[PDB]
Structures are given as structure tokens and as C-alpha cells.
There are 2 protein chains.
Amino acid sequence: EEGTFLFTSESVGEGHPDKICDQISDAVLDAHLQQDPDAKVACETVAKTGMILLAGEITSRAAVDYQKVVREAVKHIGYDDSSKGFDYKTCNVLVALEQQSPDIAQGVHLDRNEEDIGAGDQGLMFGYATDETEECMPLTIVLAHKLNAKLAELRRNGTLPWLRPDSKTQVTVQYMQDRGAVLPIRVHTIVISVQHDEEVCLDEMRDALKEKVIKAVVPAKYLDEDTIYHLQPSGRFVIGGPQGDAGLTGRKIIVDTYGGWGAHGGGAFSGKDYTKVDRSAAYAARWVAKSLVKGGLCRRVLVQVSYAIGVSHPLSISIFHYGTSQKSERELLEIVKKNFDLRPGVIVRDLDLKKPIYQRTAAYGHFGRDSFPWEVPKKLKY
Amino acid sequence: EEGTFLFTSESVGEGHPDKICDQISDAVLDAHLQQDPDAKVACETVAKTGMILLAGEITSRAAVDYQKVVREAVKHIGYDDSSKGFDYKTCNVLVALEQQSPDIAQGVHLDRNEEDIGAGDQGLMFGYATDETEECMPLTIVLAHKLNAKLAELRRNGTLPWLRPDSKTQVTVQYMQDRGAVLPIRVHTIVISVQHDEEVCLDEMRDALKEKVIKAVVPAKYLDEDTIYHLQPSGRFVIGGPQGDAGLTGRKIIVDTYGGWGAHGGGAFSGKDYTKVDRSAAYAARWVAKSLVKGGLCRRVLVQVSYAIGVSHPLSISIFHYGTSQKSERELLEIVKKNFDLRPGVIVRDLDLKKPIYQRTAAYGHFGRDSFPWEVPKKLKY
Ligand SMILES: CC(C)n1ncc2c(C(=O)Nc3ccc4nn(C)cc4c3)cc(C3CC3)nc21
Ligand SMILES: CC(C)n1ncc2c(C(=O)Nc3ccc4nn(C)cc4c3)cc(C3CC3)nc21
Ligand SMILES: C[S@@+](CC[C@H](N)C(=O)[O-])C[C@H]1O[C@@H](n2cnc3c(N)ncnc32)[C@H](O)[C@@H]1O
Ligand SMILES: C[S@@+](CC[C@H](N)C(=O)[O-])C[C@H]1O[C@@H](n2cnc3c(N)ncnc32)[C@H](O)[C@@H]1O
Ligand SMILES: [Cl-]
Ligand SMILES: [Cl-]
Ligand SMILES: [Cl-]
Ligand SMILES: [Cl-]
Ligand SMILES: [Cl-]
Ligand SMILES: [Cl-]
Ligand SMILES: [Cl-]
Ligand SMILES: [Cl-]
């Protein structure tokens, strides 16, 4: 049919080595915020065979047991034995952490009123919302996330005990163009790759991934005789987690956001306190986009903001409504300016960004779940 | 004026700690390809005070002196003394490199005809082109890159000897909407932050950044009395490079591509051989997008592709022309299918991706310069 197109998004499981790093970075952030709500945290994680390395800058009054925080995060993910390729009990935890650069500290937050704190860096950030789901997220990324959540569920409840924590999923949806909005028609292609034990055969895994994972997640109305299934397409995935592939914090920024929809400014979320606008301004921009769609001002919208290090107010704000509003982009920009204050020192109050809830964000995407403050739309006056 | 909007892009200098990691990762890739054109390389770099760590997976017949390759890359960037916060002569180089997972190797390339090699991973990748510049790149990212190149030029020629290698730039352009294409009107805001010595005062630096950097890069026709300048907005940037901020490979993926324009699938380029579609398919998608614009089929275009690990052919191809073609998106998709083969085993031939030219790509963006093979448009038959 004319007016239709394919769009592909991916997601990864909690044991994906990049996602291990995100969760550890946010476990460290949460440990600091639990004792010091004003902790300055820039914690990068690196994961390879037998190694978690923490690298970065933390200035905090907190007393944090990095060995305990890191190992407890790896335990939760499910890497608890050499047979699985990684073990929280016996892995190396290396720490290369120093205080925040005093040059950054003096430029950003020292002797500044909290509301008037400088952005922790320059950068650009986008928020996106789409009416194609209730949670205002693209169906492609929602389904990809849910397939990884289903794998973790069936691993943890023991129904597929051959599963290991490292997984990736990919969903291609055929969409109908609808006056600048998008309507999902069908699932065109699904990929699932998941780490597994040496006992289970490829046919058992492929049958289980179709019958127990895909059918348990993707509504039958989206699946048909033409839907393509790439299930364990590598043929073998015994070696996995950090052993199979080095992981780093902030290497899943598209999985973390909109699955390639909307736009991205390049900033990583995990391991960063609210003064890092890479996180706080991206959460705020999601909040603005979702408020515009839930407020009925547009079906689809993209918000861009940008900052300079040491400057409170955004340098630029931009609204792109994909032709899905009766109001002009200028009118929507004026509504945003009347209703939102995107200084990081105000966002922290509105979104409660000193609360140690960050490890919860670091798998299955930061947006479209659990009614986090940035997912509760603001009632707009105009 | 109605029909106008702001768009912001950033770039970073060669000494930005994330960009140090990209250049080292690609220095390592090039060293392998110089001896073994079929080297399988997945080299992550981590940079913090006094440390370069290599982490990842390399299977290669090459004999590579990692100490020499890493230190020569850091020397070229200009970190050659403790006074600058980092020194190629005396820094720690740690190596955590293993062979490629045999499970990946058997699934992707072992006993496979080169043309029919599997994608090295699943994933999605985008190519973008815009007629707003001759090189088919957004003006925002082009200017941001050139400001960092100008800083490196004036550091290396000794005209601003107080400059250090770590820099960031950000350019906001006011655009006119033109039937789905974009026309730059003016530069709204410029940010420049650059690491400097203890001798030079803030006023000298700000004067020099305006008169010797901005006026040397940005045409006067884009600058006016209302243009906003944030020059050394932190007030002090003596501590810099890895000492100021931990760096990782693949944490500048938006700087590497379109500066937030177009779209991104999440994949990092640097440290990866052609079998990693994160790089090869993104280069190929840029090549397709630039061929469509230079072929006169559209003013602006976005290409999405996606892959499954172990599968040669893309799972999905999608064309979005922003309403800037007389041809439908379906017709452009058919032209792409007739003219391009986006198997990684064919892209490697068309774009010469075994050639050790990758360190050249790892600063100032991978697209819109130096007539790399993916920047030479293909003559289209239709
Ligand atoms: C920048 C990326 C993420 N990005 N942002 C939007 C799109 C669309 C898109 O929205 N297409 C539509 C949707 C609705 C429509 N109504 N009408 C009348 C025409 C329409 C066209 C498509 C792609 C494919 C992957 C290239 N990417 C997009
Ligand atoms: C997904 C991001 C990177 N993305 N992709 C396109 C845009 C545009 C955009 O192209 N707007 C235009 C351009 C030309 C036009 N002609 N007509 C008649 C209407 C038009 C609207 C704007 C923004 C701002 C930052 C929110 N982001 C965009
Ligand atoms: C394919 S690996 C990336 C390439 C790898 N660094 C290399 O050396 O070729 C990327 C991700 O795919 C998954 N993966 C690892 N081994 C795999 C296998 N044998 N089959 C399928 N997916 C695998 C893991 O989630 C891993 O983080
Ligand atoms: C601001 S730092 C990121 C935050 C940092 N990790 C922290 O602990 O707060 C990000 C980048 O900004 C630049 N930067 C470092 N120190 C700076 C300073 N004093 N002023 C301005 N920019 C600086 C460097 O390019 C660095 O990689
Ligand atoms: Cl940065
Ligand atoms: Cl979920
Ligand atoms: Cl990877
Ligand atoms: Cl409306
Ligand atoms: Cl990956
Ligand atoms: Cl340049
Ligand atoms: Cl950063
Ligand atoms: Cl045309």
C-alpha cells in the first residue's frame, strides 16, 4: 500500500554489557544520593571479562562501599556463576574515581542559588511524544523493551532455565502515514538473540522464543503468515555478557530514549546527577513533549533544547509538531515558554531529581513506564 | 518571522576525552588493517587521569605495538606534558584485549563467502543529506566542527600558544522552512569552551575566540548585533582532557554524524572493522542519502536500514524525503533497491572499508569532508 513505511527499533536486556554499565553507574549515583542529595556524580562504568572498572568524577559527603554497590547490581542482573561467563562474587572491581574538577565546580554550582545553577555542560537534548500508544511512545521500542523484559521474567521464574542475562531484540513495524501522525499496521520482522547454556538445542530455543516470548508480548493482530522471525540468528550464543563484548556506560542512548524515533543530542543519562543537563534537560524535554500530546495540542511532537556550561537558561528551544497541531510551532513554543522553566535548578524541583530512583531507569528505557515524574503530564495554561 | 525555527548542533576538539578514545580506537583499527585487511576489531578506549585502557576483542594476524600506537595518537592530539594534564610519554597504557568470541565468529563470518558475510550484529542505522551546503551537511554541525578545527590550527601554528587540545563548540542557526527543505538565515548563538594555560586572562581568551576563531570561520552575513556569544562561559578551564572528564569510545555519536539532524540508530563507529554494520551500514546509508540529493531526486532525505546478526541482507529499508521530492518515498525506495546492495560484504568493496583510513574519520565528523568513498555520490539508473 502507498502511504506505508517500515521503522525498526532495538532494545537490550539487563545483562547486555553496555546496559550492565548503565545500571552500575546509576547504582553508584543512587548510593551517593541516598546519603548526599547534592552529590556531584559523573560515574562511567567499563565491563569486560571478569572486570567492572569505575572511571570518572564524584564530589560527595556520602560514604559508599563501591565493592558492595557494584557486586549487588551484578547480582540483581543475574551474573552469579563462572558457568554464565560473569560472577558478582569473584569479578574484579577497579576504581579510578577522583573529585569533580574544581574548574567545573566553580563555573557550574559553587556559590550559586540552586534555581540559578549553571548547566553542568553545553549540549543539545530532545524530547519526543507520539499518540500511537497510551504511554506516548513508539510501538517499535515498546515491543522491543517488552521482549527483553519477558526473557528476564522467564529466566527469573525458572520456566526457561537455559536463559542467561545478555539479550537483544529488534522490532520492525509497518506504519500508515496519517496526516503527520503514525498508525501501526503490522509487525514486519522480529529479531531475538539471547545468551544460553550448553545443554539447550537451537530448535528448543527458537520454539520457546516464538511460543513463550513473542506470543506472550506482541498482540496476534500485528502478527501474520508474512511476519519474519530471526530467532537466535547467530546459531550459538553461549559466550555472552562482558566476556562476549566489552560494555561501556552511555552506549545504548537510542535504546534509552525513542528507538531511533524523534531525535537525540548525543548525551548519556546513567551515572550523572541532575546538574548534567544531558539527563535532566532530556527528562524535562520528554515531560514537555508528553504534556503537549496528553494536553491534546498535537498527536506527535519533538522538543529541542540546548545549554552552555555555567548558564542556567536554555540557549535555544524549538518545537516540531510534524503537521499534527492546528496551532503553529511558534504558538506551541509560546505555550511551552509560559508553562515550563527549563533551568536545571528548577527541573530538579519539578521532577524530584535528587531522589535515588535512577537504577530503575537504566534498563527497558527511561521513558514511557512506571509514571516517573517526567511521564506525568503538566496541565497547560494558554 | 513565522516559518522560522532554531536548531543547535555541537562539536568537540581532538583533545576532548571522548574524542581521544575514538581516535585511539581507530589508530588501533588502522594498525591492524595495515598488516591484516581482514582483522576483526572491536576496540573500546577509556581515558581518565594518566590512563588509556583498551578493552574489547581483536582477532588479527597483525603484530601491533599497542604502547606505540596509543602514545603516537596522544602525541598527534597534542597531550605531550604534565602542564597540559596528560602526556603520551609518561601515561599508563593498560590492555584488556581478547580474541573475538568464537560464537560471534561462527555466526557472522567463519566459512562464509565475503559477499554473503553476516552482519556483525543486529541494529538500525540512518543516513541523512541536506542541500543547505555543497557537502550536503547541516550548516550547524559544519560550523561547530570548523570552530574546533580553527582552535587546533591556532594551537599548532603557535598564534594562540595558551590553547590546550580539549575543546567544545556549539552553534544555533535560525532557519527558514522552505517546502520541507531548510534555508539558514543567521547564527543565533555560539558557545566555545577550550582548555587553556594558567598565564592567559579570560578577557584575552574571549577577544581571541571572537576575533581569531569565530570571525575566521563563520561568514559575517550570518553574524549580527543580536548574535549571542558564550565564550569560556565556565570562566576557567585549566584542568582538561581525561583529567577533567573521563572519556569513552562512542560517546560522541551525534558529533560524529549530523549534529542531531536526520536520525541515529545508537551504534558507535570507532574501533570497529567493516563487519560491524554500526559503521559500514551507516557509511553506506550516508552514501545513499548523498546520492539521492546530488542526483537531484530530493533536497533533503533520511535512509533507515536494519540488520540481524549473521544475516547479510538488511531486514528493513525506509526513505523519508521531508516532502522534498516529486517522486513518492516508495519510488525512491525502489530506486535505492535497484542501485545499492547494502550487504556488509558488498559495502566493503564499494567503500574500500579494509583501507586503514579510519583514524582520519575519528575527529571533525565522519561525513561531509575529504571526499571519503561514502561522500562520492553514485550515478543512479532509473
Ligand atoms: C527523523 C526520523 C526518526 N523520522 N522522523 C519522522 C520519520 C518518518 C515519518 O514520520 N514519516 C511520515 C509519517 C507520517 C506522515 N503523514 N504524512 C502525510 C506524511 C508522513 C510521513 C519516517 C521515517 C522513516 C525511517 C525513514 N523516519 C522518520
Ligand atoms: C528529527 C529532527 C532532527 N528534525 N527533523 C526535522 C526537523 C525540523 C524541520 O525540518 N522543520 C521543518 C523544515 C522545513 C519545513 N518546511 N515546511 C513547510 C515545514 C517545515 C518544517 C525541525 C526540528 C526542530 C528542532 C525541533 N527538528 C527536526
Ligand atoms: C555481536 S556483539 C558486538 C561485536 C563484538 N564486539 C565482536 O567482537 O564482534 C554485540 C552484542 O551482541 C550480543 N551477542 C554476543 N555474542 C553473541 C552471539 N554469539 N550471538 C548473538 N548475539 C551475540 C551481546 O548482547 C553483545 O553485547
Ligand atoms: C563539563 S565536563 C562533563 C562533566 C564532568 N564529568 C563533571 O564531573 O562534572 C564535559 C566536557 O566539558 C569540557 N570541560 C571540562 N572542564 C571544563 C571547564 N572547566 N569549563 C568548560 N568546559 C569544560 C571538556 O571537553 C569535558 O570533556
Ligand atoms: Cl562531554
Ligand atoms: Cl517493559
Ligand atoms: Cl558494540
Ligand atoms: Cl490542535
Ligand atoms: Cl551492541
Ligand atoms: Cl573541519
Ligand atoms: Cl559527559
Ligand atoms: Cl524530484
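Procedures and definitions
- Residues numbered from 1 in each chain as written, not as in the entry; some residues may be left out.
- Chains lettered and ligands numbered in written order.
- Heavy atoms only, no water.
- Helix = DSSP H or I, 4+ residues; strand = E, 2+ residues; numbered from the N terminus.
- Buried < 20%, exposed > 50% of the residue type's maximum accessible area, 1.4 Å probe, protein only.
- Near = heavy atom within 4 Å.
- Polar contact = N/O pair within 3.5 Å; in protein donor to acceptor, adjacent residues only side chain to side chain.
- Areas by Shrake-Rupley, 256 points an atom, 1.4 Å probe, with all protein chains shown as cover.
- Nonpolar A, V, L, I, M, F, W, Y, C, P; charged D, E, K, R; others polar.
- UniProt positions renumbered as here; feature names shortened; annotations may be inferred.
- Contact = heavy atoms within 4.5 Å.
- Buried area = accessible area lost by both parts, 1.4 Å probe.
- Salt bridge = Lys/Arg side-chain N within 4 Å of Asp/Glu carboxyl O.
- Least-squares fit on C-alpha atoms.
- Pairing = 2+ DSSP bridges.
- Axes fitted to C-alpha atoms, helices over the stretch in contact; angles between N-to-C directions.
- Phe/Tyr/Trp six-rings, centres within 6.5 Å; stacked < 30°, edge-to-face > 60°.
- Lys NZ or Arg CZ within 6 Å of the ring centre and 35° of its normal.

Provide a residue-level description of the environment of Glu134 of chain A, including the pertinent values.
All names here are of chain A. Its place among the elements puts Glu134 in the loop between β7 (123–130) and α4 (139–156). The exposure class of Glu134 is exposed, given its relative accessible area of 59%. Sequence separation of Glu134 and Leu151 is 17 residues, and the distance between their C-alpha atoms is 24 Å.

Hey, could you go over the site of ligand 4 for me, with residue numbers and the actual values?
For ligand 4, the set of nearby residues contains 19 residues, the closest of which are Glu57 and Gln100 of chain A together with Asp166, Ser234 and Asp245 of chain B. Nearby residues place ligand 4 at the junction of chains A and B. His16 of chain B places a side-chain nitrogen or oxygen 3.0 Å from an oxygen atom of ligand 4. Here a nitrogen atom of ligand 4 sits 2.9 Å away from a polar atom, N or O, in the main chain of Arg236 of chain B. Taken by itself ligand 4 offers 570 Å² of open surface, and the protein chains cover 97% of this. Among the elements of the structure, α3 (102–108) of chain A together with β8 (163–178) of chain B are those that each provide at least two residues to the shell around ligand 4. Class assignment for the residues of the shell around ligand 4 results in 6 nonpolar, 5 polar and 8 charged.

Give me the lowdown on the site of ligand 1, citing residues and values where you can.
Taken together, 19 residues lie around ligand 1, and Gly180, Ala181, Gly260 and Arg300 of chain A together with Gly262 of chain B are the ones closest in. At 2.7 Å, a side-chain N or O of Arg300 of chain A approaches an oxygen atom of ligand 1. Considered on its own, ligand 1 offers 610 Å² of accessible surface; in the complex 84% of this is hidden by protein. Elements that contribute at least two residues to the shell around ligand 1 include exactly β1 (4–12), β8 (163–178) and β9 (181–196) of chain A together with β12 (300–307) and β13 (316–320) of chain B. Of the residues that constitute the shell around ligand 1, the class distribution is 9 nonpolar, 7 polar and 3 charged.

Could you give an account of the UniProt feature "binding site: K(+)" in chain A, with specific residues and numbers?
Per the UniProt annotation, the sites labelled "binding site: K(+)" are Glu44 of chain A. When you line up the elements, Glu44 of chain A lands in strand β2 (residues 40–48).

Can you lay out the interface of chain A and chain B for me, pointing to particular residues and giving the numbers?
Taken together, the 77 residues of chain A in the interface contact 77 residues of chain B. Taking both sides of the interface into account, the surface hidden between chain A and chain B amounts to around 5800 Å²; carbon and sulfur atoms contribute 53%. Looking only at chain A, the three residues that lose the most surface to chain B are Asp103, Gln122 and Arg251 of chain A, adding up to 12% of its buried area. Between chain A and chain B we count 8 salt bridges in total. A salt bridge links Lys168 of chain B to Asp121 of chain A, with the shortest nitrogen-to-oxygen separation between them at 2.9 Å. Here chain A and chain B share 38 residue pairs in polar contact between them.

Tell me about the relation of the copies chain A and chain B, and please be specific about residues and values.
Of the two same-sequence chains, chain A is brought onto chain B (RMSD 0.0 Å, axial shift 0.0 Å) by a rotation of 180°. Both copies are brought into coincidence by an operation consistent with a two-fold rotation axis. Within chain A, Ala263 of chain A has its C-alpha nearest the rotation axis, a separation of 3.0 Å. Residue by residue, 100% of the interface of chain A is reproduced at the interface of chain B, so both copies engage with the same surface.

Can you lay out the sheet that holds β7 of chain A for me, pointing to particular residues and giving the numbers?
Residues and elements named next belong to chain A. Taken together, 3 strands build an open sheet; the order of strands is β7-β12-β13 and the sheet is antiparallel. Each edge of the open sheet is held by one strand with a lone partner, namely β7 and β13 (316–320). Recorded for the sheet is a direction-independent mean angle of 15° between the axes of neighbouring strands. Taken strand by strand, helix α7 (residues 277–294) contacts β7 and β12 (300–307), and its axis lies near 30° from that of β7.

So what's going on with the pattern of salt bridges? Which residues, and what values?
Residue and element names in this part refer to chain A. One pass over the structure, following the stated rule, counts 62 salt bridges over all chains. Here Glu375 ties to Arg286 by a salt bridge, and the two come within 2.9 Å at their closest N and O atoms. Residue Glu375 is located in the segment after α9 (344–351), and its partner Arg286 is located in helix α7; the two are separated by 89 residues in the primary sequence. Comparing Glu375 with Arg286, the two get one shared label, buried.

Could you give an account of the environment of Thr249 of chain B, naming the residues involved and the relevant values?
Topologically, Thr249 of chain B is positioned in the loop between β11 (247–248) and α7 (277–294). Put simply, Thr249 of chain B and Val194 of chain B are 55 residues apart on the chain and 21 Å apart in space, counted from C-alpha to C-alpha. The contact partners of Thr249 of chain B, leaving out residues within four places of it in the chain, are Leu248 and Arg251 of chain A together with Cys21, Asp22, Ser25, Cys43, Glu44, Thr45 and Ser270 of chain B. Side-chain polar atoms of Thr249 of chain B contact the backbone nitrogen of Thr45 of chain B, separated by 2.8 Å.

Got a sec to walk through the packing of aromatic side chains? Specific residues and values, please.
Pairs of aromatic rings are described using the distance from one ring centre to the other and the angle between the two planes. Residues and elements named next belong to chain A. Applying the stated criterion across every chain, the model contains 32 aromatic pairs over all chains. Between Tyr175 and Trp261, the aromatic rings sit 5.1 Å apart at their centres with planes inclined by 75°, giving edge-to-face as the arrangement. Placement of the pair is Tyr175 in strand β8 and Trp261 in the loop between β11 (247–248) and α7, with a sequence separation of 86 residues. By relative accessible area, which is 7% here, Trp261 ends up buried. Both rings, one in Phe269 and one in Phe367, keep their centres 5.9 Å apart while their planes meet at 65°; by these two values the pair is edge-to-face. Of the two residues, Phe269 sits in the loop between β11 and α7 while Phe367 sits in the segment after α9, which places them 98 residues apart along the sequence. The class for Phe269 is buried, based on a relative accessible area of 3%. The structure contains a cluster of three or more aromatic residues connected by ring pairs, namely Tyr128, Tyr258, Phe269, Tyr283, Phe320, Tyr322, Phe367, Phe372 and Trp374. Here the basic side chain of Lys89 rests over the ring of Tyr88, its NZ or CZ set 5.0 Å away from the ring centre.

Can you tell me about the side chain of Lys150 of chain B, naming the residues and giving the values?
Residues and elements named next belong to chain B. As for its position among the elements, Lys150 is in helix α4 (residues 139–156). Using a relative accessible area of 17% as the deciding quantity, one classes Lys150 as buried. Polar side-chain contacts of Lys150 include one of 2.8 Å to the side chain of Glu153. Apart from the residues lying within four places of it in its own chain, the contact partners of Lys150 are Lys212, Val213, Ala216 and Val217.

Now, about the sheet that holds β8 of chain B: what can you tell me, with residues and values included?
Residues and elements named next belong to chain B. Strand order in the open sheet formed by 4 strands is β1-β8-β9-β10, with mixed pairing between adjacent strands. Every other strand in the sheet has two partners, leaving β1 (4–12) and β10 (228–231) as the edge strands with one partner each. Averaged over all pairs of adjacent strands, the angle between strand axes in this sheet comes to 20°, irrespective of strand direction. The pairing of strand β9 (residues 181–196) with β10 spans 4 bridges and is classified as parallel. Looking across to β10, one finds that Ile190 is bridged to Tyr229.

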